[PDB]
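Pasted below: target_17.cif, mmCIF, C-alpha atoms and all ligand atoms.
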```
data_work
#
loop_
_atom_site.label_atom_id
_atom_site.label_comp_id
_atom_site.auth_asym_id
_atom_site.auth_seq_id
_atom_site.Cartn_x
_atom_site.Cartn_y
_atom_site.Cartn_z
CA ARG A 1060 180.60 -13.26 -28.00
CA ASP A 1061 180.37 -9.55 -27.16
CA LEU A 1062 177.09 -8.70 -28.87
CA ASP A 1063 174.61 -5.85 -28.35
CA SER A 1064 173.00 -6.69 -24.98
CA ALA A 1065 169.79 -5.03 -26.17
CA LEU A 1066 169.69 -7.48 -29.09
CA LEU A 1067 170.18 -10.57 -26.89
CA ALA A 1068 167.34 -9.24 -24.75
CA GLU A 1069 165.27 -8.69 -27.90
CA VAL A 1070 165.95 -12.24 -29.11
CA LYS A 1071 165.82 -13.96 -25.68
CA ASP A 1072 163.07 -16.48 -26.59
CA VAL A 1073 165.11 -18.13 -29.40
CA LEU A 1074 168.34 -18.53 -27.51
CA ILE A 1075 169.48 -21.71 -25.78
CA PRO A 1076 172.47 -20.87 -23.50
CA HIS A 1077 175.64 -22.72 -24.59
CA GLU A 1078 175.92 -24.45 -21.17
CA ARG A 1079 172.56 -26.16 -21.84
CA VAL A 1080 173.95 -27.81 -24.99
CA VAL A 1081 176.29 -30.64 -25.98
CA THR A 1082 177.48 -31.00 -29.58
CA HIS A 1083 179.10 -34.38 -30.37
CA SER A 1084 181.95 -33.34 -32.71
CA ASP A 1085 182.87 -37.00 -33.27
CA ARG A 1086 179.30 -37.77 -34.46
CA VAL A 1087 178.95 -35.81 -37.70
CA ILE A 1088 175.64 -36.43 -39.49
CA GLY A 1089 176.65 -34.47 -42.58
CA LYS A 1090 178.39 -31.50 -44.13
CA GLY A 1091 177.24 -28.86 -46.61
CA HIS A 1092 177.47 -25.28 -47.84
CA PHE A 1093 175.95 -23.49 -44.84
CA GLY A 1094 177.54 -25.63 -42.13
CA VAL A 1095 178.11 -28.96 -40.43
CA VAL A 1096 175.39 -30.89 -38.68
CA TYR A 1097 176.31 -33.00 -35.69
CA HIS A 1098 174.44 -35.28 -33.34
CA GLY A 1099 173.74 -33.35 -30.18
CA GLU A 1100 171.96 -33.01 -26.88
CA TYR A 1101 170.38 -30.18 -24.95
CA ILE A 1102 168.65 -29.61 -21.64
CA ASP A 1103 164.92 -28.74 -21.48
CA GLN A 1104 163.07 -26.02 -19.62
CA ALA A 1105 161.38 -29.01 -17.94
CA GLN A 1106 164.99 -30.03 -17.16
CA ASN A 1107 165.13 -33.32 -19.18
CA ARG A 1108 167.90 -34.08 -21.67
CA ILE A 1109 166.75 -34.26 -25.31
CA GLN A 1110 168.89 -35.59 -28.17
CA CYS A 1111 168.70 -33.71 -31.48
CA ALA A 1112 170.74 -32.39 -34.44
CA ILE A 1113 172.96 -29.32 -34.28
CA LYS A 1114 174.09 -27.29 -37.29
CA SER A 1115 177.14 -25.01 -37.03
CA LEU A 1116 176.44 -22.01 -39.31
CA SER A 1117 179.66 -21.45 -41.26
CA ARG A 1118 178.42 -18.52 -43.42
CA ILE A 1119 177.82 -16.01 -40.63
CA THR A 1120 181.08 -14.08 -40.15
CA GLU A 1121 179.74 -10.50 -39.95
CA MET A 1122 178.04 -9.25 -36.78
CA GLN A 1123 175.36 -7.68 -38.98
CA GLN A 1124 174.77 -11.17 -40.37
CA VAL A 1125 174.61 -12.63 -36.88
CA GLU A 1126 172.03 -10.15 -35.61
CA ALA A 1127 169.97 -10.40 -38.80
CA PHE A 1128 169.91 -14.18 -38.34
CA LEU A 1129 169.07 -13.90 -34.69
CA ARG A 1130 165.97 -11.86 -35.60
CA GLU A 1131 164.83 -14.20 -38.40
CA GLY A 1132 165.45 -17.07 -36.02
CA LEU A 1133 163.05 -15.42 -33.58
CA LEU A 1134 160.33 -15.44 -36.23
CA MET A 1135 161.21 -19.04 -37.13
CA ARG A 1136 160.92 -20.05 -33.47
CA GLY A 1137 157.22 -19.12 -33.88
CA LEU A 1138 156.62 -21.51 -36.82
CA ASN A 1139 154.33 -24.40 -35.87
CA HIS A 1140 153.18 -26.81 -38.58
CA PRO A 1141 153.24 -30.67 -38.91
CA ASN A 1142 155.06 -30.48 -42.28
CA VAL A 1143 157.65 -27.86 -41.24
CA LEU A 1144 160.77 -28.70 -39.29
CA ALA A 1145 160.75 -26.95 -35.88
CA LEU A 1146 163.53 -24.62 -34.74
CA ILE A 1147 164.40 -25.67 -31.17
CA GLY A 1148 166.60 -22.61 -30.87
CA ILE A 1149 170.00 -21.09 -31.53
CA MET A 1150 173.11 -21.27 -29.42
CA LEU A 1151 176.01 -18.81 -29.30
CA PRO A 1152 179.18 -20.36 -27.88
CA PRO A 1153 181.43 -17.72 -26.26
CA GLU A 1154 183.79 -17.87 -29.27
CA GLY A 1155 182.60 -19.45 -32.52
CA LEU A 1156 179.85 -19.91 -35.10
CA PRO A 1157 176.14 -19.69 -34.28
CA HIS A 1158 174.55 -23.15 -33.94
CA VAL A 1159 171.00 -24.17 -34.83
CA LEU A 1160 169.33 -26.95 -32.84
CA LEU A 1161 166.85 -29.01 -34.86
CA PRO A 1162 164.73 -32.02 -34.01
CA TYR A 1163 166.49 -35.23 -35.11
CA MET A 1164 164.70 -36.76 -38.07
CA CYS A 1165 165.41 -40.47 -37.98
CA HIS A 1166 164.49 -41.47 -41.56
CA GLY A 1167 166.67 -38.83 -43.24
CA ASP A 1168 165.82 -36.80 -46.32
CA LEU A 1169 163.26 -37.38 -49.02
CA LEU A 1170 165.82 -37.68 -51.82
CA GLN A 1171 167.75 -40.54 -50.21
CA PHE A 1172 164.41 -42.17 -49.24
CA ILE A 1173 163.22 -42.25 -52.86
CA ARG A 1174 166.68 -43.18 -54.24
CA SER A 1175 166.85 -46.30 -51.99
CA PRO A 1176 166.80 -49.60 -53.93
CA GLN A 1177 165.53 -51.26 -50.72
CA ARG A 1178 162.24 -49.42 -51.41
CA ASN A 1179 159.50 -49.83 -53.99
CA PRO A 1180 157.48 -46.55 -54.00
CA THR A 1181 154.25 -46.35 -55.98
CA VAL A 1182 153.17 -43.33 -58.00
CA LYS A 1183 150.56 -42.46 -55.39
CA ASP A 1184 153.12 -42.77 -52.54
CA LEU A 1185 155.31 -40.16 -54.19
CA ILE A 1186 152.48 -37.74 -54.95
CA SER A 1187 151.43 -37.92 -51.27
CA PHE A 1188 154.93 -36.85 -50.22
CA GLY A 1189 154.66 -33.97 -52.64
CA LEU A 1190 151.21 -33.17 -51.10
CA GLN A 1191 152.81 -33.01 -47.63
CA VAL A 1192 155.50 -30.65 -49.01
CA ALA A 1193 152.87 -28.28 -50.41
CA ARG A 1194 151.31 -27.95 -46.94
CA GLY A 1195 154.65 -27.24 -45.32
CA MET A 1196 155.26 -24.58 -47.95
CA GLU A 1197 151.68 -23.12 -47.86
CA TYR A 1198 152.14 -22.46 -44.16
CA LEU A 1199 155.60 -20.90 -44.68
CA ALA A 1200 154.19 -18.61 -47.36
CA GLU A 1201 151.20 -17.63 -45.20
CA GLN A 1202 153.74 -16.78 -42.48
CA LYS A 1203 155.63 -14.63 -45.01
CA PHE A 1204 158.65 -16.99 -45.27
CA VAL A 1205 160.61 -17.64 -48.48
CA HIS A 1206 162.62 -20.89 -48.49
CA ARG A 1207 165.08 -20.10 -51.35
CA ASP A 1208 166.44 -23.66 -51.49
CA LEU A 1209 163.47 -25.99 -51.73
CA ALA A 1210 164.48 -29.40 -53.04
CA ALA A 1211 164.03 -33.04 -52.08
CA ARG A 1212 167.16 -33.16 -49.96
CA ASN A 1213 165.91 -30.38 -47.69
CA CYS A 1214 162.66 -32.35 -46.81
CA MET A 1215 163.18 -34.58 -43.82
CA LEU A 1216 161.29 -37.67 -42.69
CA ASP A 1217 160.36 -38.31 -39.06
CA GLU A 1218 159.71 -41.58 -37.16
CA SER A 1219 156.32 -42.00 -38.87
CA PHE A 1220 157.41 -40.79 -42.33
CA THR A 1221 155.80 -37.36 -41.96
CA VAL A 1222 157.68 -35.00 -44.30
CA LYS A 1223 159.09 -31.86 -42.63
CA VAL A 1224 160.11 -28.98 -44.90
CA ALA A 1225 163.53 -27.74 -43.82
CA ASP A 1226 166.66 -25.58 -44.29
CA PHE A 1227 164.53 -22.50 -44.96
CA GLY A 1228 166.04 -19.45 -43.28
CA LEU A 1229 169.61 -20.21 -44.41
CA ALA A 1230 169.99 -18.76 -47.93
CA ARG A 1231 169.40 -15.02 -48.34
CA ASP A 1232 168.65 -12.51 -51.10
CA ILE A 1233 171.77 -11.30 -52.86
CA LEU A 1234 174.27 -12.28 -50.11
CA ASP A 1235 174.28 -15.97 -51.10
CA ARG A 1236 174.69 -15.15 -54.83
CA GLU A 1237 177.59 -17.60 -55.10
CA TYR A 1238 175.48 -20.54 -53.89
CA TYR A 1239 173.39 -20.07 -57.07
CA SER A 1240 176.39 -19.48 -59.40
CA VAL A 1241 176.90 -21.21 -62.72
CA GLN A 1242 179.60 -23.39 -64.33
CA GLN A 1243 181.17 -25.60 -61.66
CA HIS A 1244 182.11 -28.79 -63.64
CA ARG A 1245 180.40 -31.08 -61.09
CA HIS A 1246 177.11 -29.24 -61.67
CA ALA A 1247 174.46 -31.98 -61.74
CA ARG A 1248 173.03 -31.08 -58.32
CA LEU A 1249 173.67 -27.37 -57.81
CA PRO A 1250 170.78 -25.16 -56.53
CA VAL A 1251 170.80 -23.25 -59.88
CA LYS A 1252 168.93 -26.17 -61.38
CA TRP A 1253 166.00 -25.77 -58.90
CA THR A 1254 165.72 -22.00 -58.91
CA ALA A 1255 163.38 -19.78 -60.89
CA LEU A 1256 164.52 -18.05 -64.06
CA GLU A 1257 164.05 -14.53 -62.60
CA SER A 1258 165.88 -15.31 -59.35
CA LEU A 1259 168.85 -16.38 -61.47
CA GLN A 1260 168.79 -12.90 -63.01
CA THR A 1261 168.60 -11.03 -59.64
CA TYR A 1262 169.17 -13.39 -56.65
CA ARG A 1263 165.91 -12.05 -55.24
CA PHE A 1264 163.48 -14.73 -54.16
CA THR A 1265 159.72 -14.83 -53.58
CA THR A 1266 157.06 -17.37 -52.83
CA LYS A 1267 156.62 -17.67 -56.61
CA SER A 1268 160.34 -18.61 -56.83
CA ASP A 1269 159.41 -21.32 -54.30
CA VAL A 1270 156.56 -22.46 -56.54
CA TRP A 1271 159.07 -22.98 -59.36
CA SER A 1272 161.31 -24.97 -57.01
CA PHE A 1273 158.37 -27.08 -55.81
CA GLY A 1274 157.60 -28.03 -59.42
CA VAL A 1275 161.23 -29.18 -59.75
CA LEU A 1276 160.92 -31.08 -56.45
CA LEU A 1277 157.73 -32.76 -57.75
CA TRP A 1278 159.74 -33.91 -60.80
CA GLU A 1279 162.38 -35.46 -58.51
CA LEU A 1280 159.69 -37.41 -56.65
CA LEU A 1281 158.45 -38.92 -59.91
CA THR A 1282 161.87 -39.61 -61.44
CA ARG A 1283 162.82 -41.02 -57.97
CA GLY A 1284 165.67 -38.53 -57.68
CA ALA A 1285 166.98 -37.93 -61.19
CA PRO A 1286 169.16 -34.87 -61.63
CA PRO A 1287 167.12 -32.11 -63.29
CA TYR A 1288 168.42 -30.56 -66.53
CA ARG A 1289 171.17 -33.22 -66.31
CA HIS A 1290 172.56 -32.99 -69.85
CA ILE A 1291 172.21 -29.20 -70.13
CA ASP A 1292 175.62 -27.55 -70.32
CA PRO A 1293 175.40 -25.34 -67.21
CA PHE A 1294 176.16 -22.03 -68.99
CA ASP A 1295 173.31 -22.72 -71.45
CA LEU A 1296 170.60 -23.20 -68.77
CA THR A 1297 169.15 -19.67 -68.56
CA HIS A 1298 168.93 -19.54 -72.38
CA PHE A 1299 167.36 -22.97 -72.60
CA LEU A 1300 164.57 -21.96 -70.13
CA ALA A 1301 164.08 -18.65 -71.84
CA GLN A 1302 163.38 -20.73 -75.03
CA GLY A 1303 160.44 -22.16 -73.03
CA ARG A 1304 161.82 -25.66 -72.69
CA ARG A 1305 161.24 -27.55 -69.46
CA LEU A 1306 161.81 -30.83 -67.69
CA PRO A 1307 160.19 -33.69 -69.66
CA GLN A 1308 157.18 -35.54 -68.27
CA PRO A 1309 158.40 -38.53 -66.19
CA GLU A 1310 157.35 -41.96 -67.44
CA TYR A 1311 154.75 -42.72 -64.79
CA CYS A 1312 153.78 -39.13 -64.03
CA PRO A 1313 150.10 -38.38 -64.67
CA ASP A 1314 149.31 -35.75 -67.32
CA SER A 1315 147.45 -33.61 -64.76
CA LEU A 1316 150.34 -33.53 -62.31
CA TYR A 1317 152.68 -32.64 -65.20
CA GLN A 1318 150.24 -29.84 -66.08
CA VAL A 1319 150.63 -28.69 -62.48
CA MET A 1320 154.46 -28.86 -62.80
CA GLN A 1321 154.16 -26.77 -65.99
CA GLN A 1322 152.10 -24.09 -64.21
CA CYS A 1323 154.89 -23.86 -61.58
CA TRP A 1324 157.46 -23.21 -64.31
CA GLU A 1325 155.49 -20.41 -66.01
CA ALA A 1326 157.95 -17.58 -66.82
CA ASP A 1327 155.57 -14.95 -65.46
CA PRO A 1328 155.88 -15.44 -61.73
CA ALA A 1329 152.36 -14.01 -61.31
CA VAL A 1330 150.83 -16.76 -63.50
CA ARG A 1331 152.13 -19.55 -61.21
CA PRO A 1332 149.70 -21.05 -58.71
CA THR A 1333 149.72 -20.46 -54.96
CA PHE A 1334 150.61 -23.29 -52.57
CA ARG A 1335 146.99 -23.13 -51.28
CA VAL A 1336 145.76 -23.99 -54.78
CA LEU A 1337 148.57 -26.56 -55.19
CA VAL A 1338 147.50 -28.40 -52.04
CA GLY A 1339 143.98 -28.48 -53.49
CA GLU A 1340 144.98 -29.54 -57.00
CA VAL A 1341 147.52 -32.16 -55.90
CA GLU A 1342 145.09 -33.50 -53.27
CA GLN A 1343 142.39 -33.81 -55.94
CA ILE A 1344 144.80 -35.80 -58.15
CA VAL A 1345 145.66 -38.31 -55.39
CA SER A 1346 141.96 -39.11 -54.96
CA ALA A 1347 141.16 -39.00 -58.72
CA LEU A 1348 144.00 -41.46 -59.46
CA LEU A 1349 142.77 -44.57 -61.31
CA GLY A 1350 144.92 -47.52 -60.29
CA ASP A 1351 148.51 -47.31 -59.08
CA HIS A 1352 151.93 -48.64 -60.06
CA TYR A 1353 155.53 -48.94 -58.96
CA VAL A 1354 158.09 -46.38 -60.12
CA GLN A 1355 161.64 -47.50 -61.02
CA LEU A 1356 165.05 -45.83 -60.52
CA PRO A 1357 166.97 -43.85 -63.20
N1 LIG B 1 167.25 -32.39 -38.20
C1 LIG B 1 167.98 -33.30 -38.86
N2 LIG B 1 167.95 -34.61 -38.51
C2 LIG B 1 168.68 -35.53 -39.16
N3 LIG B 1 169.48 -35.23 -40.20
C3 LIG B 1 169.60 -33.96 -40.65
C4 LIG B 1 168.84 -32.89 -39.99
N4 LIG B 1 169.14 -31.74 -40.63
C5 LIG B 1 170.03 -32.04 -41.62
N5 LIG B 1 170.29 -33.37 -41.63
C6 LIG B 1 171.22 -34.09 -42.54
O1 LIG B 1 172.51 -33.50 -42.46
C7 LIG B 1 173.18 -33.64 -43.70
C8 LIG B 1 173.73 -32.29 -44.11
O2 LIG B 1 172.67 -31.37 -44.35
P1 LIG B 1 172.91 -30.25 -45.46
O3 LIG B 1 174.25 -29.62 -45.18
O4 LIG B 1 171.69 -29.38 -45.62
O5 LIG B 1 173.09 -31.16 -46.78
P2 LIG B 1 172.24 -31.04 -48.15
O6 LIG B 1 173.24 -30.67 -49.21
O7 LIG B 1 171.18 -30.01 -47.96
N6 LIG B 1 171.52 -32.61 -48.42
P3 LIG B 1 172.44 -33.94 -49.12
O8 LIG B 1 171.73 -34.31 -50.42
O9 LIG B 1 172.36 -35.06 -48.08
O10 LIG B 1 173.85 -33.42 -49.29
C9 LIG B 1 172.19 -34.20 -44.69
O11 LIG B 1 172.49 -35.58 -44.89
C10 LIG B 1 170.84 -34.03 -44.02
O12 LIG B 1 169.89 -35.03 -44.42
MG MG B 2 169.27 -29.79 -46.41
#
```

Render the structure in this file as structure tokens.
Ligand SMILES: Nc1ncnc2c1ncn2[C@@H]1O[C@H](COP(=O)(O)OP(=O)(O)NP(=O)(O)O)[C@@H](O)[C@H]1O
Ligand SMILES: [Mg+2]
Amino acid sequence: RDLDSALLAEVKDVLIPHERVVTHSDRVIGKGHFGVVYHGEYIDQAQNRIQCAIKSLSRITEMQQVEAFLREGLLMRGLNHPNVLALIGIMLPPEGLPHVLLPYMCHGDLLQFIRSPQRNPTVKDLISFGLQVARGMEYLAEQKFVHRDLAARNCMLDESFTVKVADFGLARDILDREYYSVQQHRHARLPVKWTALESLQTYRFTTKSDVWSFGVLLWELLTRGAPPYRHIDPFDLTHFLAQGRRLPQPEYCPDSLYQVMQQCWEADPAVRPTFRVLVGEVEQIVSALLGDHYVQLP
């Protein structure tokens, strides 16, 4: 579109020109709040054609929102970690929504992996996945990035089942208020149920809001994808958590890992651990584990 030339110069390194990209509109991978993700293809700097996923960003109408995203996207282009999903780049078609090109992750998301009846995950298998998420997130936090929507579904699995943390950089402070709104009848899987008590009262997010969300993610892993706070009337959730009640310890979840989960859900954000400490504590648990067993589905 007709954007500030100075901006496009400023953000050059993120941008893939639209004529280097093919989005397969007939090959939709999936749909969600922030946009649609299609199968796609793009042309390298080295001139080869690489297949990947492409997400049309449906929540960026304003030009202020476009340029803000372009600049975050530049910082995200710099993110390099084994447990973080890479940003290939962003494409602006002459008229339309910004598109985000992402590496295709061929084993899907962590939630569907764990929910699969074709699979028989052990306790230790699931804790390991959690460990890989805490490294993804430790890096993001070190790089001054706040996810805002950490959950099992936004953790992808690559060819060799390496977990990549993903869909950070989409939700924003205050502007995406409605994404974290209450009372929507079909409420079992809304982001409200993963997000920290104080973020629900301001729609401002920090790394410590991400530590809450991680705890909730770690519960999913060990329930093999149960909805959190399932039977809590959605309008009663903030009051419930203020009472100091929390998700119950999963059947086969070790006491120590539940103690970790509890630390993540501390109501004082400052009392919650850092992801650096979480990688350490969770790693220690995996090695300390005496025996192992299968976990069942809810
Ligand atoms: N890089 C990728 N490679 C493969 N699949 C992807 C990629 N990024 C997103 N997806 C999938 O695209 C679909 C839509 O993503 P999204 O709109 O974020 O849905 P979601 O609500 O976050 N997860 P879900 O529980 O599947 O609805 C999901 O099925 C994702 O697993
Ligand atoms: Mg996602």

**Study point:** Near-ligand residues for ligand LIG 1 (chain B), threshold 9 Å, all atoms listed in the file, as a PyMOL selection string
**Key:** chain A and resi 1087-1098+1111-1114+1144-1145+1160-1171+1208+1210-1217+1225-1226+1248

Exercise for review: Can you work out the spacing between CA of residue 1071 in chain A and CA of residue 1152 in chain A in Å, to one decimal?
Suggested key: 15.0 Å

**Study point:** Contacts of range 1139-1141 of chain A within 9 Å, only C-alpha atoms, excl. fewer than 2 positions in-chain, as an MDAnalysis selection string
**Key:** chainID A and resid 1135:1137 1143:1145 1194:1195 1198:1199 1221:1223

Point to revise | Residue nearest residue 1207 in chain A - candidates A:1130, A:1331, A:1267, A:1183, atoms counted: only C-alpha atoms | key: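 With only C-alpha atoms as the atom set, the closest residue is A:1267.
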
Review point. Can you list, as number ranges by chain, every protein, DNA or RNA residue that comes within 10 Å of residue 1321 in chain A when you count all atoms listed in the file, leaving out same-chain residues fewer than 3 positions away?
Key: A: 1271, 1274-1275, 1305-1308, 1315-1318, 1324-1326, 1331

Review point. CA of residue 1341 in chain A to CA of residue 1320 in chain A: how many Å, to one decimal?
Key: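 Spanning CA of residue 1341 in chain A to CA of residue 1320 in chain A is a straight-line distance of 10.3 Å.
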
Exercise for review: Check the smallest atom-to-atom distance from each of A:1276, A:1338, A:1062, A:1209 to ligand MG 2 (chain B) using only C-alpha atoms and all ligand atoms, then report the winner.
Suggested key: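 Under the stated criterion, the closest residue is A:1209.
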
**Study point:** Expected answer as number ranges by chain: all residues with atoms within 12 Å of (172.5, -32.9, -69.8), all atoms listed in the file
**Key:** A: 1245-1248, 1252, 1285-1296, 1299, 1306

**Study point:** From A:1068, A:1224, A:1255, A:1329, residue lying nearest ligand MG 2 (chain B) [only C-alpha atoms and all ligand atoms]
**Key:**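 For ligand MG 2 (chain B), the nearest of the given residues is A:1224.
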
Exercise for review: Give me, please, the distance in Å between CA of residue 1204 in chain A and CA of residue 1120 in chain A, quoted to one decimal.
Suggested key: 23.2 Å

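Between ligand MG 2 (chain B) and the candidates A:1122, A:1229, A:1269, A:1192, the tightest atom-to-atom separation, counting only C-alpha atoms and all ligand atoms, involves A:1229.
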